Every structure is written in C-alpha cells, then in structure tokens.
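Input: a single structure, listed below in structure tokens.
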Amino acid sequence: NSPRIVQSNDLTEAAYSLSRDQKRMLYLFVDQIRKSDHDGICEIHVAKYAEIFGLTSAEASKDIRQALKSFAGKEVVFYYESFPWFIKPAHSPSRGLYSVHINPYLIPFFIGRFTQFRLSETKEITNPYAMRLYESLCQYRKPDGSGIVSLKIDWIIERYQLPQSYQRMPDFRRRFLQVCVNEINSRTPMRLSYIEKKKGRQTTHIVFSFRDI
DNA sequence: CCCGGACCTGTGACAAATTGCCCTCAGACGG
DNA sequence: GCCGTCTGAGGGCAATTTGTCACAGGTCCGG
Ligand SMILES: [Mg+2]
Ligand SMILES: [Mg+2]
Ligand SMILES: [Mg+2]
Ligand SMILES: [Mg+2]
Ligand SMILES: [Mg+2]
Ligand SMILES: [Mg+2]
Ligand SMILES: [Mg+2]
Ligand SMILES: [Mg+2]
C-alpha cells in the first residue's frame with residue numbers, strides 16, 4: 001500500500017529545526033534517494049504532492065514554494081558535525097515541477113540501526129515537534145507494535161531544538177508534551193501514555209509506553 | 001524561631017505564527 | 001489557428017495554535 005519510509009537512526013536523533021511542510025518534503029527525498037541504483041538531485045511534482053496530503057494544487061504550490069526558500073541557511077548536526085541541507089537553490093524547469101540539490105555528503109546519513117514507518121502514519125500530524133516524537137518512538141517499536149523508552153529532557157530540548165521558554169518546565173508540559181501526545185493519540189494508529197521521572201525537585205526524563213491499535 | 005530567598009507548580013494574558021480558505025489570471029494542452 | 005478548460009503562481013483573510021511572561025501559591029533552607 002502506502003510508501004514505506006526508512007531512515008538511519010542518525011537522522012531520527014539529529015539536531016535540526018524544520019517546519020511541517022519541510023518535513024513532509026524531506027520524507028519524499030529520503031524515499032527517492034533510497035530507491036536508487038549519487039547525484040542527490042531529487043524532484044517534486046505539485047499535483048502529486050497535493051494528492052498525497054489531500055491538498056489543492058494552489059495550496060500545494062504555496063507550501064512547496066515557501067518551504068523551499070526557507071531551507072536556505074538551515075543546517076544539520078549529528079552528534080558533532082554540521083552540514084547544510086542544500087548546496088544550490090531550488091529551481092523549476094517546468095510548470096508544476098521542482099528540482100532540488102541535496103548535499104551529497106548527507107547521503108550516507110540517510111542510508112546506513114534503523115527507523116521505519118509508513119507515510120500514512122504521519123501525514124495528518126500538524127505540529128512538527130510531534131512528528132519528531134513519533135519518529136523517535138518508532139525507532140524503538142517492536143514487530144508486534146509496542147515499545148517502551150525513557151528519553152532525557154535535555155536531550156529532547158537539544159535534538160528537537162525546542163524554543164527557549166520551554167526550559168521552564170510548566171511551559172514544556174503545557175505547549176509541547178501534552179499537545180504532541182494528544183495529536184499522536186488522535187492522528188496516528190498508536191496509543192501513547194507517559195510518566196515523569198524525577199530527581200529531587202527537578203524532572204529529568206519522560207518514560208513513554210505505547211501499543212498499536 | 002518567622003523571615004526573605006531560591007526552588008518548584010499551574011493559570012490568565014497577550015503577541016506572533018500557522019492553519020485551511022478564498023479569489024485572480026496567465027501557462028500548457030486538447031477538442 | 002483559436003479557445004475552454006485544467007493548473008498553479010500570485011495576492012490576500014479570519015479563526016486557532018504556538019511562544020512568552022507576570023503573578024498566585026506550595027516546599028525547604030539558613031539566619
Ligand atoms: Mg500553507
Ligand atoms: Mg534543585
Ligand atoms: Mg518544631
Ligand atoms: Mg506576614
Ligand atoms: Mg498570508
Ligand atoms: Mg486563592
Ligand atoms: Mg510566597
Ligand atoms: Mg505548587
């Protein structure tokens with residue numbers, strides 16, 4: 001059925017800041033690259049993007065165009081080593097068609113210890129931080145569909161590049177943790193719960209348990 | 001001892017960002 | 001060779017969500 005995304009854990013655990021629209025495009029690049037027999041040159045069709053994510057052609061065009069120009073200057077850190085995503089601006093040879101030049105030094109980090117999920121699992125998620133959380137949980141999923149993992153809060157803040165006010169724990173709870181656990185439970189086939197680990201007055205880890213519906 | 005102080009929690013406000021919608025009009029193609 | 005239609009590249013919108021901070025209200029420490 002739907003496209004099966006796979007990626008090296010090094011990408012799941014990398015430090016970067018991307019929007020929802022950019023992350024959506026990134027899944028197709030990883031799919032194109034992996035399906036190959038490099039050049040790092042990928043392509044996106046407006047009308048295909050619209051059908052995949054149930055958008056109109058117009059709003060697809062707006063999403064691709066603005067996503068594409070917001071990649072400029074974005075950088076990726078693997079814990080460390082920093083790379084730019086793109087080494088040339090995007091451009092459109094034909095109407096409804098975009099051509100992009102991914103940094104060929106990124107290829108081995110995409111294909112290597114791996115993470116996998118079908119694209120239908122994530123295509124209704126809205127908050128990009130919630131996409132990051134669902135990817136990290138998939139990294140620990142078992143064949144049958146369950147798993148349990150303890151993630152450190154400081155590592156969450158670094159890897160997902162959360163904004164500065166979420167270093168105050170009550171804001172972390174209200175605007176990130178609760179919201180992203182609610183989307184996953186509402187928008188994916190996963191059912192997720194958690195509990196907090198403490199040391200003194202400080203909360204240090206979050207312990208996630210999940211099963212499949 | 002009661003205090004001021006250094007931690008922690010959650011909630012009420014407001015500011016800045018993102019969402020799916022809507023409308024226009026020229027490009028690429030076929031009847 | 002023109003034209004009606006299917007696209008998609010632009011300009012926008014109000015309704016929600018996300019990002020930030022002041023203040024109320026708990027504990028323990030040391031003086
Ligand atoms: Mg958009
Ligand atoms: Mg402490
Ligand atoms: Mg006593
Ligand atoms: Mg008093
Ligand atoms: Mg706008
Ligand atoms: Mg009261
Ligand atoms: Mg007080
Ligand atoms: Mg309290």
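Residue numbers start at 1 in each chain; chains themselves are named A, B, ... in the order of the structure tokens; ligands are numbered from 1 in the order shown.
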Ligand 7 neighbours within 9 Å using only C-alpha atoms (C1' of nucleotides) and all ligand atoms, as a PDB file with N, CA, C and O atoms (P, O5', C5', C4', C3', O3' and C1' of nucleotides), in the first residue's frame:
ATOM      1  P    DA C  24      -0.073  38.116  42.913  1.00  0.00           P
ATOM      2  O5'  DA C  24      -0.717  36.672  43.116  1.00  0.00           O
ATOM      3  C5'  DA C  24      -1.981  36.369  42.555  1.00  0.00           C
ATOM      4  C4'  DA C  24      -2.313  34.906  42.762  1.00  0.00           C
ATOM      5  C3'  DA C  24      -2.220  34.420  44.204  1.00  0.00           C
ATOM      6  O3'  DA C  24      -3.274  33.498  44.446  1.00  0.00           O
ATOM      7  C1'  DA C  24      -0.720  33.187  42.844  1.00  0.00           C
ATOM      8  P    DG C  25      -3.687  33.069  45.940  1.00  0.00           P
ATOM      9  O5'  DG C  25      -2.773  31.802  46.229  1.00  0.00           O
ATOM     10  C5'  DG C  25      -2.766  30.772  45.285  1.00  0.00           C
ATOM     11  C4'  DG C  25      -1.684  29.758  45.573  1.00  0.00           C
ATOM     12  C3'  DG C  25      -1.349  29.509  47.049  1.00  0.00           C
ATOM     13  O3'  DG C  25      -1.576  28.131  47.283  1.00  0.00           O
ATOM     14  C1'  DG C  25       0.597  29.651  45.732  1.00  0.00           C
ATOM     15  P    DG C  26      -1.467  27.452  48.730  1.00  0.00           P
ATOM     16  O5'  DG C  26      -0.136  26.588  48.552  1.00  0.00           O
ATOM     17  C5'  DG C  26       0.221  25.576  49.456  1.00  0.00           C
ATOM     18  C4'  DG C  26       1.348  24.766  48.853  1.00  0.00           C
ATOM     19  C3'  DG C  26       2.538  24.564  49.764  1.00  0.00           C
ATOM     20  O3'  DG C  26       2.363  23.368  50.512  1.00  0.00           O
ATOM     21  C1'  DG C  26       3.242  25.236  47.561  1.00  0.00           C
TER      22       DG C  26
END
(request) Within 12 Å of residue 15 in chain C, counting only C-alpha atoms (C1' of nucleotides), which residues show up once you throw out same-chain ones fewer than 4 positions away? Write them as a PyMOL selection string, please. (result) chain B and resi 18-21
Using 12 Å as the limit and counting only C-alpha atoms (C1' of nucleotides) and all ligand atoms, can you tabulate each residue of chain B that touches ligand 4, with its shortest atom-to-atom distance in Å and the two atoms involved, as a Markdown table?
| residue | atom | partner | partner_atom_place_in_ligand_line | distance |
| --- | --- | --- | --- | --- |
| B:2 | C1' | ligand 4 | 1 (Mg) | 8.5 |
| B:3 | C1' | ligand 4 | 1 (Mg) | 8.6 |
| B:4 | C1' | ligand 4 | 1 (Mg) | 11.2 |
Those same residues - C-alpha atoms (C1' of nucleotides) - I'd like them written as a PDB file, in the first residue's frame.
ATOM      1  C1'  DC B   2       9.377  33.786  61.419  1.00  0.00           C
ATOM      2  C1'  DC B   3      11.596  35.940  57.903  1.00  0.00           C
ATOM      3  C1'  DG B   4      13.487  36.646  52.945  1.00  0.00           C
TER       4       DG B   4
END
(message) Residues of chain B within 9 Å of chain A, counting only C-alpha atoms (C1' of nucleotides), what are they? List them as a PyMOL selection string.
(response) chain B and resi 7-10+20+27-28
(request) Check every residue of chain A for an atom within 8 Å of chain C, counting only C-alpha atoms (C1' of nucleotides), and provide those that qualify as a PyMOL selection string. (result) chain A and resi 57-58+61+95-96+163+165+175
Restrict the selected residues to N, CA, C and O atoms and save them as an mmCIF file, in the first residue's frame.
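Written file, out.cif:
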data_model
loop_
_atom_site.group_PDB
_atom_site.id
_atom_site.type_symbol
_atom_site.label_atom_id
_atom_site.label_comp_id
_atom_site.auth_asym_id
_atom_site.auth_seq_id
_atom_site.Cartn_x
_atom_site.Cartn_y
_atom_site.Cartn_z
ATOM 1 N N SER A 57 -4.181 22.011 -5.596
ATOM 2 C CA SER A 57 -2.979 22.354 -6.350
ATOM 3 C C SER A 57 -2.425 23.709 -5.923
ATOM 4 O O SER A 57 -1.208 23.871 -5.768
ATOM 5 N N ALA A 58 -3.308 24.695 -5.736
ATOM 6 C CA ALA A 58 -2.884 26.023 -5.299
ATOM 7 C C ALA A 58 -2.156 25.976 -3.959
ATOM 8 O O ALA A 58 -1.030 26.473 -3.838
ATOM 9 N N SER A 61 1.158 24.295 -4.192
ATOM 10 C CA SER A 61 2.130 25.240 -4.736
ATOM 11 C C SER A 61 2.649 26.204 -3.674
ATOM 12 O O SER A 61 3.860 26.418 -3.557
ATOM 13 N N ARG A 95 6.593 23.950 -15.502
ATOM 14 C CA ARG A 95 5.457 24.359 -14.689
ATOM 15 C C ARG A 95 4.906 23.157 -13.932
ATOM 16 O O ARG A 95 4.584 22.125 -14.528
ATOM 17 N N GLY A 96 4.796 23.296 -12.615
ATOM 18 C CA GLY A 96 4.321 22.219 -11.769
ATOM 19 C C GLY A 96 5.388 21.246 -11.323
ATOM 20 O O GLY A 96 5.053 20.154 -10.850
ATOM 21 N N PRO A 163 12.068 25.798 21.477
ATOM 22 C CA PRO A 163 12.333 27.207 21.779
ATOM 23 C C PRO A 163 12.574 27.434 23.265
ATOM 24 O O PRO A 163 12.222 26.619 24.119
ATOM 25 N N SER A 165 11.686 29.297 25.871
ATOM 26 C CA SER A 165 10.779 29.327 27.018
ATOM 27 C C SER A 165 10.335 27.948 27.497
ATOM 28 O O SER A 165 9.746 27.856 28.580
ATOM 29 N N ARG A 175 2.684 23.331 26.411
ATOM 30 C CA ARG A 175 2.695 23.668 24.994
ATOM 31 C C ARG A 175 3.414 22.645 24.120
ATOM 32 O O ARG A 175 3.311 22.737 22.891
#
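In this structure, CA of residue 60 in chain A sits 17.4 Å away from CA of residue 42 in chain A.
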(request) List the neighbours of residue 22 in chain C out to 12 Å using only C-alpha atoms (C1' of nucleotides); skip same-chain residues closer than 6 positions along the sequence, and give me the result as a ChimeraX atom specification. (result) /B:11-14
Emit the selected residues as a PDB file, in the first residue's frame, including C-alpha atoms (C1' of nucleotides).
ATOM      1  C1'  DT B  11      -3.179  29.501  35.214  1.00  0.00           C
ATOM      2  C1'  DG B  12      -4.607  34.079  32.931  1.00  0.00           C
ATOM      3  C1'  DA B  13      -2.961  37.455  29.314  1.00  0.00           C
ATOM      4  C1'  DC B  14      -1.281  38.925  25.282  1.00  0.00           C
TER       5       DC B  14
END
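Shortest atom-to-atom contact with residue 212 in chain A among A:177, A:195, A:184, A:15: A:184, counting only C-alpha atoms.
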(request) Name all residues at most 12 Å from residue 88 in chain A (count only C-alpha atoms (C1' of nucleotides); drop same-chain ones fewer than 4 positions away) and give them as a list in words. (result) residues 40, 41, 68, 69, 71, 72, 73, 84, 99, 100, 101, 102, 103 and 104 of chain A
May I have the residues from that selection written out with C-alpha atoms, as an mmCIF file, in the first residue's frame?
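Output saved as selection32.cif:
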data_model
loop_
_atom_site.group_PDB
_atom_site.id
_atom_site.type_symbol
_atom_site.label_atom_id
_atom_site.label_comp_id
_atom_site.auth_asym_id
_atom_site.auth_seq_id
_atom_site.Cartn_x
_atom_site.Cartn_y
_atom_site.Cartn_z
ATOM 1 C CA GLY A 40 21.481 13.952 -4.694
ATOM 2 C CA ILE A 41 19.164 15.541 -7.253
ATOM 3 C CA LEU A 68 11.809 25.564 -0.426
ATOM 4 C CA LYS A 69 13.058 29.090 0.183
ATOM 5 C CA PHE A 71 15.705 25.773 3.622
ATOM 6 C CA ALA A 72 18.405 28.349 2.838
ATOM 7 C CA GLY A 73 20.865 28.542 5.713
ATOM 8 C CA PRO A 84 23.789 22.409 5.112
ATOM 9 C CA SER A 99 14.240 20.245 -8.894
ATOM 10 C CA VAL A 100 16.367 20.281 -5.728
ATOM 11 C CA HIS A 101 20.045 19.594 -4.924
ATOM 12 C CA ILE A 102 20.569 17.783 -1.603
ATOM 13 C CA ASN A 103 24.099 17.869 -0.109
ATOM 14 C CA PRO A 104 25.619 14.598 -1.415
#
(request) List every residue of chain A that DSSP, applied to the backbone, labels as strand (DSSP E or B), and write the result as number ranges by chain. (result) A: 4-8, 15, 41-45, 75-78, 81-84, 86, 91, 97-102, 114-118, 147-152, 190-199, 202-212
Neighbours of ligand 5 within 9 Å, counting only C-alpha atoms (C1' of nucleotides) and all ligand atoms, as a short mmCIF file (atom, residue, chain, number, x, y, z; two decimals) with N, CA, C and O atoms (P, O5', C5', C4', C3', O3' and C1' of nucleotides), in the first residue's frame?
data_model
loop_
_atom_site.label_atom_id
_atom_site.label_comp_id
_atom_site.auth_asym_id
_atom_site.auth_seq_id
_atom_site.Cartn_x
_atom_site.Cartn_y
_atom_site.Cartn_z
P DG C 11 3.06 38.00 -4.30
"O5'" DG C 11 1.66 38.65 -3.83
"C5'" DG C 11 1.01 39.61 -4.66
"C4'" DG C 11 -0.44 39.79 -4.24
"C3'" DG C 11 -0.69 39.92 -2.73
"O3'" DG C 11 -0.60 41.27 -2.30
"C1'" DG C 11 -2.25 38.41 -3.74
P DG C 12 -0.71 41.64 -0.73
"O5'" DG C 12 -2.28 41.47 -0.43
"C5'" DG C 12 -2.72 40.91 0.81
"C4'" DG C 12 -4.09 40.25 0.68
"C3'" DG C 12 -4.68 39.82 2.00
"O3'" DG C 12 -5.50 40.86 2.47
"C1'" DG C 12 -4.83 38.02 0.43
P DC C 13 -5.69 41.08 4.05
"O5'" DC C 13 -6.74 39.96 4.49
"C5'" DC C 13 -8.06 39.98 3.99
"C4'" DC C 13 -8.82 38.80 4.55
"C3'" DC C 13 -8.78 38.71 6.06
"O3'" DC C 13 -9.96 39.31 6.61
"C1'" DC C 13 -8.29 36.57 5.03
#
